[PDB]
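I have placed the structure first, in the form of structure tokens, so that the comments after it can refer back to it.
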Amino acid sequence: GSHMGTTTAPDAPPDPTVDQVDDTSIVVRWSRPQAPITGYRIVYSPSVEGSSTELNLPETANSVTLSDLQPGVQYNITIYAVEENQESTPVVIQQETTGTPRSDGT
């Protein structure tokens, strides 16, 4: 719908929450926009550079499991709500990879 949504700019998902953090894997969950969007791009990159990836999720997706990260590294997960005409503002949620559970639990 939104026939008169030509001048309408799509909104982004409110700051998504990372559910799980590991060495080479981090999971993030976003609350999709009021805008009708076509899909999602997801660019997660290390602040010190390293393994970066862009995933493509369905318009109605709300979580990406990022894979092939590097342990002990800062990771910017950037979510992109994409619509036919335009791309909404980016989600930037940065999580440092804690790594493989070492002595997890006293």
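In the structure tokens, chains take the letters A, B, ... in the order shown, each chain's residues start at 1, and ligands count up from 1 in the order shown.
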
Inset, instruction - Determine, counting only C-alpha atoms, which protein, DNA and RNA residues have an atom within 8 Å of an atom of residue 52 in chain A; residues of the same chain fewer than 6 positions away are not included. Present the result as a list in words. - result: residues 43, 44, 45, 46 and 69 of chain A

Selected residues written out, N, CA and C atoms, as a PDB file, in the first residue's frame:
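Output below, filename selection29.pdb:
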ATOM      1  N   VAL A  43      25.277  -5.145   7.506  1.00  0.00           N
ATOM      2  CA  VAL A  43      26.728  -5.063   7.413  1.00  0.00           C
ATOM      3  C   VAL A  43      27.353  -5.037   8.792  1.00  0.00           C
ATOM      4  N   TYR A  44      28.021  -6.114   9.135  1.00  0.00           N
ATOM      5  CA  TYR A  44      28.734  -6.202  10.383  1.00  0.00           C
ATOM      6  C   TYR A  44      30.213  -6.274  10.116  1.00  0.00           C
ATOM      7  N   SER A  45      30.916  -5.355  10.746  1.00  0.00           N
ATOM      8  CA  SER A  45      32.335  -5.172  10.505  1.00  0.00           C
ATOM      9  C   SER A  45      33.102  -4.911  11.802  1.00  0.00           C
ATOM     10  N   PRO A  46      34.335  -5.432  11.904  1.00  0.00           N
ATOM     11  CA  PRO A  46      35.219  -5.177  13.044  1.00  0.00           C
ATOM     12  C   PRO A  46      35.794  -3.766  12.999  1.00  0.00           C
ATOM     13  N   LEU A  69      33.001 -14.212  12.695  1.00  0.00           N
ATOM     14  CA  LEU A  69      33.556 -13.034  13.356  1.00  0.00           C
ATOM     15  C   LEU A  69      34.958 -13.357  13.857  1.00  0.00           C
TER      16      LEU A  69
END

Inset, instruction - Run DSSP on the backbone and give me the residues of chain A it puts in strand (DSSP E or B), as a PyMOL selection string. - result: chain A and resi 17-21+25-29+39-46+53-58+63-67+74-82+87+91-96

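For the choices A:38, A:6, A:88, A:100, the atom-to-atom distance to residue 71 in chain A is smallest for A:100 when using only C-alpha atoms.
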
Legend entry - Among listed residues A:39, A:50, A:99, A:105, nearest residue 87 in chain A (using only C-alpha atoms):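 The answer is A:39, which sits nearest to residue 87 in chain A.
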
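For the choices A:4, A:18, A:81, A:73, the atom-to-atom distance to residue 96 in chain A is smallest for A:73 when using only C-alpha atoms.
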
Legend entry - A:36, A:94, A:62, A:103 ranked by distance to residue 14 in chain A, top pick (using only C-alpha atoms):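 Checking each candidate against residue 14 in chain A, we get A:62 as the closest.
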
Inset, instruction - Pick out the closest residue to residue 5 in chain A from this set: A:54, A:37, A:59, A:89. Count only C-alpha atoms. - result: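 Closest candidate: A:37.
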
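Between CA of residue 2 in chain A and CA of residue 35 in chain A the separation is 9.1 Å.
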
Inset, instruction - For residue 97 in chain A, list every protein, DNA or RNA residue within 12 Å, evaluated using only C-alpha atoms, and leave out those in the same chain fewer than 6 positions away; present the list as a PyMOL selection string. - result: chain A and resi 18+20-27+45-47+66-77

Inset, instruction - Give me the residues within 7 Å of residue 56 in chain A as a PyMOL selection string, counting only C-alpha atoms and dropping any in the same chain fewer than 2 places off. - result: chain A and resi 40-42+54+58

Legend entry - Point-to-point distance in Å for CA of residue 85 in chain A and CA of residue 7 in chain A: 10.2 Å

Inset, instruction - One decimal, Å: what's the distance from CA of residue 11 in chain A over to CA of residue 79 in chain A, could you say? - result: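 Separating CA of residue 11 in chain A from CA of residue 79 in chain A is a distance of 11.8 Å.
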